[PDB]
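Below is the file input.cif, which contains mmCIF, C-alpha atoms.
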data_model
loop_
_atom_site.label_atom_id
_atom_site.label_comp_id
_atom_site.auth_asym_id
_atom_site.auth_seq_id
_atom_site.Cartn_x
_atom_site.Cartn_y
_atom_site.Cartn_z
CA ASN A 388 0.00 0.00 0.00
CA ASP A 389 2.97 2.35 0.44
CA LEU A 390 4.31 2.03 -3.12
CA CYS A 391 2.91 3.14 -6.47
CA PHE A 392 3.41 1.60 -9.91
CA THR A 393 2.53 2.71 -13.42
CA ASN A 394 0.25 -0.30 -13.89
CA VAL A 395 -0.62 -3.72 -12.50
CA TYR A 396 -1.15 -6.91 -14.49
CA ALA A 397 -3.34 -9.63 -13.02
CA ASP A 398 -2.26 -12.86 -14.73
CA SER A 399 -5.04 -15.31 -13.86
CA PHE A 400 -4.95 -19.04 -14.54
CA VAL A 401 -5.65 -22.43 -12.95
CA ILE A 402 -2.91 -24.93 -12.13
CA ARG A 403 -2.43 -28.02 -9.99
CA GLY A 404 -1.62 -27.87 -6.29
CA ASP A 405 1.73 -29.65 -6.63
CA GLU A 406 2.33 -27.13 -9.44
CA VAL A 407 1.77 -23.86 -7.56
CA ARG A 408 5.41 -23.75 -6.50
CA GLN A 409 6.20 -23.34 -10.23
CA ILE A 410 4.99 -19.72 -10.18
CA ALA A 411 8.06 -18.42 -8.39
CA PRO A 412 10.95 -16.64 -10.13
CA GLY A 413 13.72 -18.99 -11.21
CA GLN A 414 11.58 -22.12 -10.92
CA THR A 415 11.70 -24.77 -13.62
CA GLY A 416 9.40 -27.54 -14.72
CA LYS A 417 6.38 -27.91 -16.98
CA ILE A 418 4.43 -24.82 -15.88
CA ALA A 419 7.29 -22.37 -15.36
CA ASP A 420 9.37 -23.42 -18.37
CA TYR A 421 6.51 -24.34 -20.70
CA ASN A 422 3.34 -22.49 -19.63
CA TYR A 423 3.96 -19.34 -17.55
CA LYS A 424 7.49 -18.13 -16.85
CA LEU A 425 8.37 -15.44 -14.33
CA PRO A 426 11.66 -13.56 -14.65
CA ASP A 427 14.09 -13.82 -11.76
CA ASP A 428 13.96 -10.00 -11.57
CA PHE A 429 10.30 -10.26 -10.58
CA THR A 430 8.59 -7.30 -8.90
CA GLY A 431 5.16 -8.60 -7.98
CA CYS A 432 3.18 -11.18 -6.06
CA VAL A 433 1.59 -14.60 -6.62
CA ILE A 434 -1.78 -15.42 -5.05
CA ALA A 435 -2.94 -19.04 -5.12
CA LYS B 195 -0.60 20.35 -22.44
CA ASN B 196 1.90 17.57 -21.69
CA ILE B 197 4.05 18.02 -18.56
CA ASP B 198 5.83 15.08 -16.92
CA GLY B 199 3.79 12.61 -18.95
CA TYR B 200 0.65 14.03 -17.37
CA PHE B 201 -1.85 15.27 -19.96
CA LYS B 202 -3.91 18.16 -18.57
CA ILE B 203 -6.93 19.81 -20.19
CA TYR B 204 -7.94 23.29 -19.12
CA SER B 205 -11.29 24.43 -20.41
CA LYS B 206 -14.11 26.92 -20.12
CA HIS B 207 -17.50 27.08 -21.84
CA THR B 208 -18.77 30.60 -22.45
CA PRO B 209 -22.14 31.88 -23.76
CA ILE B 210 -21.25 34.21 -26.64
CA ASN B 211 -22.76 36.02 -29.63
CA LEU B 212 -20.47 35.87 -32.69
CA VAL B 213 -20.17 34.46 -36.27
CA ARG B 214 -16.41 34.77 -37.06
CA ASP B 215 -13.02 35.20 -35.29
CA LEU B 216 -12.69 35.18 -31.45
CA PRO B 217 -14.70 37.54 -29.15
CA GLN B 218 -13.04 40.22 -27.06
CA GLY B 219 -12.97 40.18 -23.27
CA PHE B 220 -11.11 37.97 -20.84
CA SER B 221 -12.00 34.53 -19.48
CA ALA B 222 -9.60 32.23 -17.66
CA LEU B 223 -9.70 28.53 -18.53
CA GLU B 224 -10.43 26.54 -15.39
CA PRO B 225 -8.64 23.18 -15.11
CA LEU B 226 -11.05 20.50 -16.31
CA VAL B 227 -9.29 17.14 -15.99
CA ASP B 228 -5.76 15.77 -15.77
CA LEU B 229 -4.95 12.45 -17.46
CA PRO B 230 -1.92 10.34 -16.39
CA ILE B 231 -1.34 9.20 -19.97
CA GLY B 232 2.44 9.23 -19.57
CA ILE B 233 2.98 8.91 -23.33
CA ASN B 234 4.52 11.33 -25.84
CA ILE B 235 2.31 13.20 -28.33
CA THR B 236 3.07 15.47 -31.28
CA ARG B 237 0.04 15.51 -33.61
CA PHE B 238 -3.76 15.67 -33.38
CA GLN B 239 -7.05 16.01 -35.27
CA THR B 240 -10.68 16.91 -34.58
CA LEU B 241 -13.99 15.00 -34.67
CA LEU B 242 -17.17 16.30 -36.39
CA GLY C 485 0.82 -39.84 -33.24
CA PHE C 486 4.33 -40.84 -32.28
CA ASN C 487 6.63 -37.78 -32.29
CA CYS C 488 3.48 -35.77 -33.16
CA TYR C 489 1.91 -35.41 -29.74
CA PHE C 490 -0.78 -32.80 -29.23
CA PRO C 491 0.98 -29.97 -27.37
CA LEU C 492 -1.80 -29.47 -24.80
CA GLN C 493 -2.75 -32.02 -22.16
CA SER C 494 -5.88 -31.73 -20.05
CA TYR C 495 -6.01 -31.36 -16.28
CA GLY C 496 -7.81 -34.16 -14.50
CA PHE C 497 -9.63 -32.12 -11.86
CA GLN C 498 -11.80 -34.42 -9.79
CA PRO C 499 -13.15 -33.49 -6.33
CA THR C 500 -11.68 -36.70 -4.87
CA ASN C 501 -8.10 -35.91 -5.90
CA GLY C 502 -5.49 -35.25 -3.27
CA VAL C 503 -4.70 -31.62 -2.51
CA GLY C 504 -1.62 -31.79 -4.71
CA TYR C 505 -3.87 -32.64 -7.67
CA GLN C 506 -6.74 -30.18 -6.89
CA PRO C 507 -7.31 -27.09 -9.05
CA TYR C 508 -5.64 -24.03 -7.53
CA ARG C 509 -6.50 -20.67 -9.04
CA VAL C 510 -3.44 -18.42 -9.30
CA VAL C 511 -3.40 -14.67 -9.88
CA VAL C 512 0.02 -13.11 -10.43
CA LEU C 513 0.17 -9.37 -9.83
CA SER C 514 2.98 -8.02 -12.00
CA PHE C 515 3.88 -4.47 -10.98
CA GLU C 516 5.34 -2.12 -13.59
CA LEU C 517 6.69 1.37 -12.88
CA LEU C 518 8.53 3.53 -15.40
CA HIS C 519 8.75 7.06 -16.80
CA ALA C 520 4.97 7.04 -17.27
CA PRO C 521 3.29 8.54 -14.17
CA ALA C 522 2.52 6.04 -11.42
CA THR C 523 -1.24 5.71 -11.84
CA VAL C 524 -2.29 2.77 -9.63
CA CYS C 525 -1.56 3.74 -6.01
CA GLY C 526 -2.59 2.03 -2.76
CA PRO C 527 -5.21 3.62 -0.42
CA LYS C 528 -3.81 6.94 0.95
CA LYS C 529 -4.29 6.62 4.76
CA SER C 530 -6.19 9.72 5.92
CA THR C 531 -6.28 10.65 9.60
CA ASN C 532 -8.98 12.71 11.29
CA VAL D 2 3.76 -45.89 -8.62
CA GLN D 3 2.01 -49.24 -9.04
CA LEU D 4 0.12 -50.97 -11.84
CA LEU D 5 -2.12 -53.89 -10.86
CA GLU D 6 -3.47 -56.26 -13.50
CA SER D 7 -6.64 -58.32 -13.18
CA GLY D 8 -8.42 -60.77 -15.45
CA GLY D 9 -5.79 -63.47 -15.92
CA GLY D 10 -7.19 -66.98 -15.80
CA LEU D 11 -8.65 -69.90 -17.70
CA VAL D 12 -9.63 -69.07 -21.28
CA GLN D 13 -11.29 -71.40 -23.76
CA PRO D 14 -9.63 -71.25 -27.21
CA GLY D 15 -11.29 -68.59 -29.30
CA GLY D 16 -12.71 -67.05 -26.13
CA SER D 17 -13.05 -63.45 -25.02
CA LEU D 18 -11.96 -61.61 -21.88
CA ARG D 19 -10.76 -58.31 -20.47
CA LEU D 20 -7.52 -57.39 -18.71
CA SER D 21 -7.97 -54.40 -16.39
CA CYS D 22 -4.87 -52.51 -15.24
CA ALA D 23 -5.42 -50.12 -12.33
CA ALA D 24 -2.62 -47.55 -12.33
CA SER D 25 -1.89 -45.46 -9.24
CA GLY D 26 0.89 -43.15 -8.10
CA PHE D 27 1.17 -41.06 -11.28
CA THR D 28 -0.92 -38.76 -13.45
CA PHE D 29 -2.38 -41.47 -15.67
CA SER D 30 -3.31 -39.17 -18.55
CA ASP D 31 0.24 -37.88 -19.12
CA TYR D 32 1.96 -41.21 -19.84
CA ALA D 33 1.29 -43.64 -22.64
CA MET D 34 0.33 -47.18 -21.68
CA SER D 35 1.19 -50.53 -23.18
CA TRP D 36 0.64 -54.25 -22.80
CA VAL D 37 3.59 -56.65 -23.09
CA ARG D 38 3.26 -60.43 -23.51
CA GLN D 39 5.71 -63.02 -22.09
CA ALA D 40 5.14 -66.65 -23.01
CA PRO D 41 6.07 -68.95 -20.09
CA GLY D 42 9.84 -69.32 -20.21
CA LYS D 43 10.19 -67.07 -23.28
CA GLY D 44 11.02 -63.49 -24.20
CA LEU D 45 9.03 -60.27 -23.99
CA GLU D 46 6.61 -59.97 -26.92
CA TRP D 47 5.11 -56.49 -27.17
CA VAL D 48 1.32 -56.60 -27.32
CA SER D 49 0.01 -53.08 -27.84
CA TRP D 50 0.41 -49.39 -27.05
CA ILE D 51 -1.93 -46.42 -26.61
CA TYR D 52 -1.84 -42.78 -25.46
CA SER D 53 -5.28 -41.39 -26.36
CA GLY D 54 -8.52 -43.14 -27.19
CA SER D 55 -9.18 -40.84 -30.15
CA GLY D 56 -5.58 -41.21 -31.35
CA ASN D 57 -3.86 -44.06 -33.15
CA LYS D 58 -3.65 -47.39 -31.33
CA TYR D 59 -0.67 -49.58 -32.18
CA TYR D 60 -0.81 -53.37 -32.11
CA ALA D 61 1.61 -56.21 -32.73
CA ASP D 62 1.55 -57.75 -36.20
CA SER D 63 0.31 -61.05 -34.74
CA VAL D 64 -2.56 -59.52 -32.75
CA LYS D 65 -3.93 -56.98 -35.22
CA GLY D 66 -7.70 -57.27 -35.20
CA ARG D 67 -8.17 -59.72 -32.33
CA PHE D 68 -6.96 -57.32 -29.61
CA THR D 69 -8.40 -53.98 -28.51
CA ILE D 70 -6.68 -51.62 -26.07
CA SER D 71 -8.42 -48.70 -24.39
CA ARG D 72 -8.00 -46.25 -21.53
CA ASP D 73 -10.18 -44.83 -18.77
CA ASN D 74 -8.43 -41.82 -17.27
CA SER D 75 -11.37 -41.20 -14.93
CA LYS D 76 -10.77 -44.63 -13.38
CA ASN D 77 -7.00 -44.53 -14.09
CA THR D 78 -7.35 -47.93 -15.76
CA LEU D 79 -6.02 -49.53 -18.95
CA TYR D 80 -8.27 -52.14 -20.56
CA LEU D 81 -7.38 -54.88 -23.04
CA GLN D 82 -10.16 -56.86 -24.72
CA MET D 83 -8.70 -60.04 -26.20
CA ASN D 84 -11.08 -62.11 -28.32
CA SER D 85 -10.74 -65.11 -30.63
CA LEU D 86 -7.70 -66.08 -28.59
CA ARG D 87 -5.19 -68.42 -30.23
CA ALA D 88 -3.02 -71.07 -28.62
CA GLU D 89 0.33 -69.24 -28.63
CA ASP D 90 -1.14 -66.38 -26.56
CA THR D 91 -1.02 -68.35 -23.29
CA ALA D 92 1.43 -66.13 -21.45
CA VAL D 93 1.89 -63.49 -18.76
CA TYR D 94 0.64 -60.00 -19.59
CA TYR D 95 2.42 -57.01 -18.06
CA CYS D 96 0.83 -53.57 -17.99
CA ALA D 97 3.69 -51.16 -18.61
CA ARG D 98 3.73 -47.37 -18.36
CA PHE D 99 5.45 -45.86 -21.42
CA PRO D 100 6.35 -42.19 -20.62
CA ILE D 101 6.27 -40.06 -23.84
CA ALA D 102 6.30 -36.59 -22.20
CA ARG D 103 9.82 -35.40 -21.17
CA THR D 104 10.03 -32.07 -19.24
CA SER D 105 13.01 -29.64 -19.10
CA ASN D 106 14.95 -30.54 -15.90
CA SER D 107 12.91 -33.63 -14.89
CA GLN D 108 14.57 -36.45 -16.91
CA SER D 109 12.23 -39.48 -16.73
CA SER D 110 12.25 -42.73 -18.82
CA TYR D 111 11.11 -40.64 -21.82
CA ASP D 112 10.03 -43.23 -24.45
CA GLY D 113 11.30 -46.05 -22.14
CA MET D 114 8.81 -48.59 -20.77
CA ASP D 115 9.22 -47.18 -17.29
CA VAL D 116 7.23 -49.20 -14.72
CA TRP D 117 5.84 -52.70 -15.22
CA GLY D 118 2.99 -54.19 -13.24
CA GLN D 119 3.07 -57.56 -11.55
CA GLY D 120 1.43 -59.04 -14.65
CA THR D 121 -1.42 -61.53 -14.85
CA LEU D 122 -1.32 -64.97 -16.44
CA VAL D 123 -3.66 -66.00 -19.26
CA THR D 124 -4.13 -69.66 -20.22
CA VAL D 125 -5.78 -70.20 -23.61
CA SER D 126 -6.69 -73.87 -23.28
CA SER D 127 -9.86 -75.97 -23.22
CA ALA D 128 -8.46 -78.22 -20.47
CA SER D 129 -10.26 -77.92 -17.15
CA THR D 130 -8.62 -77.15 -13.82
CA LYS D 131 -7.43 -79.70 -11.28
CA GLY D 132 -6.48 -79.21 -7.65
CA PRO D 133 -2.83 -79.66 -6.71
CA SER D 134 -1.74 -82.88 -4.98
CA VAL D 135 1.23 -82.53 -2.53
CA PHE D 136 3.88 -85.33 -2.46
CA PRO D 137 6.50 -84.65 0.30
CA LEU D 138 10.07 -85.80 -0.61
CA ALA D 151 17.22 -81.73 2.55
CA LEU D 152 13.44 -81.85 3.18
CA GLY D 153 11.10 -81.39 0.18
CA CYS D 154 7.46 -81.57 -1.07
CA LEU D 155 6.20 -82.26 -4.65
CA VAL D 156 3.09 -80.39 -5.96
CA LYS D 157 1.94 -82.58 -8.86
CA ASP D 158 -1.18 -82.60 -11.04
CA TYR D 159 -2.30 -78.98 -10.77
CA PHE D 160 -3.67 -76.94 -13.65
CA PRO D 161 -2.82 -74.31 -14.61
CA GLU D 162 0.46 -72.63 -13.69
CA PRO D 163 1.18 -70.78 -11.41
CA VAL D 164 0.92 -72.23 -7.91
CA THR D 165 2.40 -70.52 -4.85
CA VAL D 166 4.53 -73.06 -2.97
CA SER D 167 6.38 -72.30 0.25
CA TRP D 168 7.81 -73.89 3.39
CA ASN D 169 6.10 -73.26 6.74
CA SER D 170 3.90 -70.55 5.17
CA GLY D 171 6.93 -68.36 4.52
CA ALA D 172 8.40 -68.72 8.02
CA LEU D 173 11.29 -70.87 6.77
CA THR D 174 12.77 -68.87 3.88
CA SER D 175 16.49 -69.60 3.56
CA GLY D 176 17.38 -72.53 1.33
CA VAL D 177 13.92 -72.86 -0.26
CA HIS D 178 14.61 -73.58 -3.94
CA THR D 179 11.66 -73.76 -6.33
CA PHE D 180 12.13 -75.11 -9.82
CA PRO D 181 9.80 -74.19 -12.70
CA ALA D 182 6.93 -76.56 -13.40
CA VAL D 183 6.93 -78.92 -16.37
CA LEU D 184 4.40 -79.83 -19.06
CA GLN D 185 3.74 -83.56 -18.64
CA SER D 186 2.09 -86.06 -20.98
CA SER D 187 -1.22 -85.51 -19.17
CA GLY D 188 -0.67 -81.76 -19.54
CA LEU D 189 -0.56 -81.38 -15.76
CA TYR D 190 2.16 -79.33 -14.08
CA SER D 191 4.38 -80.27 -11.14
CA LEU D 192 6.94 -78.49 -8.94
CA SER D 193 8.66 -79.29 -5.65
CA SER D 194 9.95 -77.15 -2.79
CA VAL D 195 13.21 -78.27 -1.18
CA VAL D 196 15.39 -76.96 1.63
CA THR D 209 4.98 -78.10 6.55
CA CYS D 210 4.49 -77.00 2.94
CA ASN D 211 1.90 -74.42 1.90
CA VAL D 212 0.58 -74.88 -1.65
CA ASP D 213 -1.89 -72.20 -2.76
CA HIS D 214 -3.54 -72.59 -6.18
CA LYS D 215 -5.48 -69.45 -7.10
CA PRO D 216 -7.20 -70.71 -10.31
CA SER D 217 -8.63 -73.67 -8.40
CA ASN D 218 -8.64 -71.57 -5.19
CA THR D 219 -7.30 -74.34 -2.94
CA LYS D 220 -4.98 -73.78 0.03
CA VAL D 221 -3.22 -76.97 1.16
CA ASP D 222 -1.02 -77.33 4.26
CA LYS D 223 0.96 -80.58 4.24
#
Just give me the structure of the file as structure tokens.
Amino acid sequence: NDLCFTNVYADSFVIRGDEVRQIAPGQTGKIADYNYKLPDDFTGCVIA
Amino acid sequence: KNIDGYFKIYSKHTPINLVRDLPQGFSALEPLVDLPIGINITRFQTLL
Amino acid sequence: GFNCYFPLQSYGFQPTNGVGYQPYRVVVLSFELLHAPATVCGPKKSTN
Amino acid sequence: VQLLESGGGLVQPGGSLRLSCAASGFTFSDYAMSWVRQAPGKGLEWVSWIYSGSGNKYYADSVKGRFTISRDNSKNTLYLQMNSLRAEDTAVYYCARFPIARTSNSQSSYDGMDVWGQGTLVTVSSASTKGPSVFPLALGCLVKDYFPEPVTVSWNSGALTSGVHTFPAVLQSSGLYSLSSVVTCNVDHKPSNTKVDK
């Protein structure tokens, strides 16, 4: 709430439970590498 | 006007009696709305 | 066929699956700030 | 990861039956499935392979037409209808998981038959069953005149384990198998469903 950004992007999808840990920066697998990749220089949040 | 990316529109609507040119007298343009567009602009048009 | 697999596989989302196989909805907030004016701010705490 | 086969038993020649392979421990829809045949005391003869029901099903040249493989991802089962069975098909059927999806860092039996089930045993023969008859002999006990193979033979119901040598059964003139366990004997014949303690 303290910071301000030019814009926010809500990237919404549905994954598997065992697969939620693939939405962290630097993670690898079949969701991160193949479906939705987050850069290691990630400035944001993930809400599952 | 475009300052700091912000796009600001000053405006004033005035009841007048005229057919050509601009009327005499003085009327200050009150600020109407400021838009955080943040983009550069150089050209424009009108709509009729 | 062989070496021509369909790129997309379906998720088997049954209510009886273990939590690691249950459908988790994920929203990733990606925050972008740049030369464009910061337009999405958090609530500005106002005292009395 | 475990694949359990069911449906192996007595089959009349030209008969019809259904092998059901319950697969647990892995996401069944992601890996291809296959059936592999092993004639008693012979090599592995590939039966069939599938990945999607709507896709192309592959069958051995000797079983084209008389076999039908199918999946049920809701039940995590692999089904094999075998009909008009011929004599050479008396064997042991293994349900084998054939991974076809390799991921980036996870390196896993891509295209290799990864995990094989315990396998059931199918006898395509018109001969009827017969209960085993124990014949005690290093102590020993002979299980003769039982049909069909296999029979589970052990010493002291598995209590005495060291030194228990079991030799494969034989096909006699009467067509009736016989083993012997050498070091009470427990002989359990599932097809005839008889448990004998001698």
>> Running the PyMOL selection byres ((chain D and resi 38) around 6) on this model by hand, what would come out? Give it as a list in words.
In response: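 On this input, the PyMOL selection byres ((chain D and resi 38) around 6) captures residues 37, 39, 45, 46, 47, 48, 93 and 94 of chain D.
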Might you spell out which residues the PyMOL selection byres ((chain C) within 7 of (chain A)) would select in the displayed file, as a PDB file with C-alpha atoms, keeping the file's coordinate frame?
ATOM      1  CA  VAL C 503      -4.700 -31.620  -2.510  1.00  0.00           C
ATOM      2  CA  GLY C 504      -1.620 -31.790  -4.710  1.00  0.00           C
ATOM      3  CA  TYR C 505      -3.870 -32.640  -7.670  1.00  0.00           C
ATOM      4  CA  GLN C 506      -6.740 -30.180  -6.890  1.00  0.00           C
ATOM      5  CA  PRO C 507      -7.310 -27.090  -9.050  1.00  0.00           C
ATOM      6  CA  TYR C 508      -5.640 -24.030  -7.530  1.00  0.00           C
ATOM      7  CA  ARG C 509      -6.500 -20.670  -9.040  1.00  0.00           C
ATOM      8  CA  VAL C 510      -3.440 -18.420  -9.300  1.00  0.00           C
ATOM      9  CA  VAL C 511      -3.400 -14.670  -9.880  1.00  0.00           C
ATOM     10  CA  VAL C 512       0.020 -13.110 -10.430  1.00  0.00           C
ATOM     11  CA  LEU C 513       0.170  -9.370  -9.830  1.00  0.00           C
ATOM     12  CA  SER C 514       2.980  -8.020 -12.000  1.00  0.00           C
ATOM     13  CA  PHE C 515       3.880  -4.470 -10.980  1.00  0.00           C
ATOM     14  CA  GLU C 516       5.340  -2.120 -13.590  1.00  0.00           C
ATOM     15  CA  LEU C 517       6.690   1.370 -12.880  1.00  0.00           C
ATOM     16  CA  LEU C 518       8.530   3.530 -15.400  1.00  0.00           C
ATOM     17  CA  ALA C 520       4.970   7.040 -17.270  1.00  0.00           C
ATOM     18  CA  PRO C 521       3.290   8.540 -14.170  1.00  0.00           C
ATOM     19  CA  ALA C 522       2.520   6.040 -11.420  1.00  0.00           C
ATOM     20  CA  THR C 523      -1.240   5.710 -11.840  1.00  0.00           C
ATOM     21  CA  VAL C 524      -2.290   2.770  -9.630  1.00  0.00           C
ATOM     22  CA  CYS C 525      -1.560   3.740  -6.010  1.00  0.00           C
ATOM     23  CA  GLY C 526      -2.590   2.030  -2.760  1.00  0.00           C
ATOM     24  CA  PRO C 527      -5.210   3.620  -0.420  1.00  0.00           C
TER      25      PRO C 527
END
Residue by residue, what does the PyMOL selection byres ((chain B) within 12 of (chain A)) grab here? Present the result as a compact mmCIF listing (two decimals) with C-alpha atoms, in the frame of the given file.
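part14.txt written:
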# COMPACT_ATOMS: atom_id res chain seq x y z
CA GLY B 199 3.79 12.61 -18.95
CA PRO B 230 -1.92 10.34 -16.39
CA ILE B 231 -1.34 9.20 -19.97
CA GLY B 232 2.44 9.23 -19.57
CA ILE B 233 2.98 8.91 -23.33
Could you give me, as a Markdown table, every chain A residue with an atom at most 9 Å from chain D, plus its closest atom pair and distance in Å to one decimal, counting all atoms listed in the file, rows ordered by chain then number?
| residue | atom | partner | partner_atom | distance |
| --- | --- | --- | --- | --- |
| A:415 | CA | D:106 | CA | 7.0 |
| A:416 | CA | D:105 | CA | 6.1 |
| A:417 | CA | D:104 | CA | 6.0 |
| A:420 | CA | D:105 | CA | 7.2 |
| A:421 | CA | D:105 | CA | 8.5 |
Enclosing box along x, y and z for every listed atom of range 510-523 of chain C, padded 5 Å each side, centre and size in Å, one decimal, as JSON:
{"center_x": 2.7, "center_y": -4.9, "center_z": -13.3, "size_x": 22.2, "size_y": 37.0, "size_z": 18.0}
> In Å, how far is it from CA of residue 492 in chain C to CA of residue 109 in chain D?
Replying inline: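 Calculated distance between CA of residue 492 in chain C and CA of residue 109 in chain D is 19.0 Å.
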> Leaving out residue 487 in chain C and any residue of its chain fewer than 2 positions from it, which residues lie within 9 Å of it when counting all atoms listed in the file, given as a ChimeraX atom specification?
Replying inline: /C:485,489 /D:101
Could the residues of chain C that have an atom at most 12 Å from chain D be listed as JSON lines, each with its closest atom pair and the distance in Å to one decimal, counting only C-alpha atoms and ordered by chain and ascending residue number?
{"residue": "C:485", "atom": "CA", "partner": "D:57", "partner_atom": "CA", "distance": 6.3}
{"residue": "C:486", "atom": "CA", "partner": "D:101", "partner_atom": "CA", "distance": 8.7}
{"residue": "C:487", "atom": "CA", "partner": "D:101", "partner_atom": "CA", "distance": 8.8}
{"residue": "C:488", "atom": "CA", "partner": "D:101", "partner_atom": "CA", "distance": 10.6}
{"residue": "C:489", "atom": "CA", "partner": "D:101", "partner_atom": "CA", "distance": 8.7}
{"residue": "C:490", "atom": "CA", "partner": "D:56", "partner_atom": "CA", "distance": 9.9}
{"residue": "C:491", "atom": "CA", "partner": "D:102", "partner_atom": "CA", "distance": 9.9}
{"residue": "C:492", "atom": "CA", "partner": "D:31", "partner_atom": "CA", "distance": 10.4}
{"residue": "C:493", "atom": "CA", "partner": "D:31", "partner_atom": "CA", "distance": 7.2}
{"residue": "C:494", "atom": "CA", "partner": "D:30", "partner_atom": "CA", "distance": 8.0}
{"residue": "C:495", "atom": "CA", "partner": "D:30", "partner_atom": "CA", "distance": 8.6}
{"residue": "C:496", "atom": "CA", "partner": "D:30", "partner_atom": "CA", "distance": 7.9}
{"residue": "C:497", "atom": "CA", "partner": "D:75", "partner_atom": "CA", "distance": 9.7}
{"residue": "C:498", "atom": "CA", "partner": "D:75", "partner_atom": "CA", "distance": 8.5}
{"residue": "C:499", "atom": "CA", "partner": "D:75", "partner_atom": "CA", "distance": 11.7}
{"residue": "C:500", "atom": "CA", "partner": "D:75", "partner_atom": "CA", "distance": 11.0}
{"residue": "C:501", "atom": "CA", "partner": "D:28", "partner_atom": "CA", "distance": 10.8}
{"residue": "C:502", "atom": "CA", "partner": "D:26", "partner_atom": "CA", "distance": 11.2}
{"residue": "C:504", "atom": "CA", "partner": "D:28", "partner_atom": "CA", "distance": 11.2}
{"residue": "C:505", "atom": "CA", "partner": "D:28", "partner_atom": "CA", "distance": 8.9}
Rebuild range 420-432 of chain A so that it carries N, CA, C and O atoms, then output the result as a PDB file, in the frame of the given file.
ATOM      1  N   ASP A 420       8.599 -23.435 -17.130  1.00  0.00           N
ATOM      2  CA  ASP A 420       9.370 -23.420 -18.370  1.00  0.00           C
ATOM      3  C   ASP A 420       8.489 -23.452 -19.606  1.00  0.00           C
ATOM      4  O   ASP A 420       8.877 -22.920 -20.650  1.00  0.00           O
ATOM      5  N   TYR A 421       7.308 -24.050 -19.516  1.00  0.00           N
ATOM      6  CA  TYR A 421       6.510 -24.340 -20.700  1.00  0.00           C
ATOM      7  C   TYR A 421       5.206 -23.566 -20.773  1.00  0.00           C
ATOM      8  O   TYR A 421       4.655 -23.446 -21.872  1.00  0.00           O
ATOM      9  N   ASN A 422       4.692 -23.046 -19.661  1.00  0.00           N
ATOM     10  CA  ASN A 422       3.340 -22.490 -19.630  1.00  0.00           C
ATOM     11  C   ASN A 422       3.306 -21.034 -19.190  1.00  0.00           C
ATOM     12  O   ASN A 422       2.640 -20.213 -19.832  1.00  0.00           O
ATOM     13  N   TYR A 423       3.985 -20.696 -18.099  1.00  0.00           N
ATOM     14  CA  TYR A 423       3.960 -19.340 -17.550  1.00  0.00           C
ATOM     15  C   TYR A 423       5.264 -19.123 -16.811  1.00  0.00           C
ATOM     16  O   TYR A 423       5.440 -19.638 -15.704  1.00  0.00           O
ATOM     17  N   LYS A 424       6.167 -18.355 -17.408  1.00  0.00           N
ATOM     18  CA  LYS A 424       7.490 -18.130 -16.850  1.00  0.00           C
ATOM     19  C   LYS A 424       7.562 -16.748 -16.217  1.00  0.00           C
ATOM     20  O   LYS A 424       7.107 -15.762 -16.801  1.00  0.00           O
ATOM     21  N   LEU A 425       8.131 -16.689 -15.018  1.00  0.00           N
ATOM     22  CA  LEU A 425       8.370 -15.440 -14.330  1.00  0.00           C
ATOM     23  C   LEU A 425       9.849 -15.120 -14.324  1.00  0.00           C
ATOM     24  O   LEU A 425      10.662 -15.996 -14.004  1.00  0.00           O
ATOM     25  N   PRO A 426      10.242 -13.901 -14.678  1.00  0.00           N
ATOM     26  CA  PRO A 426      11.660 -13.560 -14.650  1.00  0.00           C
ATOM     27  C   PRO A 426      12.188 -13.547 -13.226  1.00  0.00           C
ATOM     28  O   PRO A 426      11.454 -13.289 -12.271  1.00  0.00           O
ATOM     29  N   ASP A 427      13.482 -13.847 -13.085  1.00  0.00           N
ATOM     30  CA  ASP A 427      14.090 -13.820 -11.760  1.00  0.00           C
ATOM     31  C   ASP A 427      14.055 -12.417 -11.168  1.00  0.00           C
ATOM     32  O   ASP A 427      13.966 -12.262  -9.943  1.00  0.00           O
ATOM     33  N   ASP A 428      14.112 -11.389 -12.012  1.00  0.00           N
ATOM     34  CA  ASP A 428      13.960 -10.000 -11.570  1.00  0.00           C
ATOM     35  C   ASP A 428      12.469  -9.636 -11.507  1.00  0.00           C
ATOM     36  O   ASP A 428      11.985  -8.706 -12.152  1.00  0.00           O
ATOM     37  N   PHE A 429      11.746 -10.396 -10.689  1.00  0.00           N
ATOM     38  CA  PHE A 429      10.300 -10.260 -10.580  1.00  0.00           C
ATOM     39  C   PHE A 429       9.940  -9.273  -9.485  1.00  0.00           C
ATOM     40  O   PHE A 429      10.403  -9.396  -8.346  1.00  0.00           O
ATOM     41  N   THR A 430       9.113  -8.292  -9.836  1.00  0.00           N
ATOM     42  CA  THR A 430       8.590  -7.300  -8.900  1.00  0.00           C
ATOM     43  C   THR A 430       7.073  -7.467  -8.900  1.00  0.00           C
ATOM     44  O   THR A 430       6.366  -6.838  -9.690  1.00  0.00           O
ATOM     45  N   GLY A 431       6.578  -8.323  -8.018  1.00  0.00           N
ATOM     46  CA  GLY A 431       5.160  -8.600  -7.980  1.00  0.00           C
ATOM     47  C   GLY A 431       4.830  -9.606  -6.904  1.00  0.00           C
ATOM     48  O   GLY A 431       5.616  -9.827  -5.985  1.00  0.00           O
ATOM     49  N   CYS A 432       3.653 -10.209  -7.030  1.00  0.00           N
ATOM     50  CA  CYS A 432       3.180 -11.180  -6.060  1.00  0.00           C
ATOM     51  C   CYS A 432       2.414 -12.289  -6.777  1.00  0.00           C
ATOM     52  O   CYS A 432       1.942 -12.116  -7.898  1.00  0.00           O
TER      53      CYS A 432
END
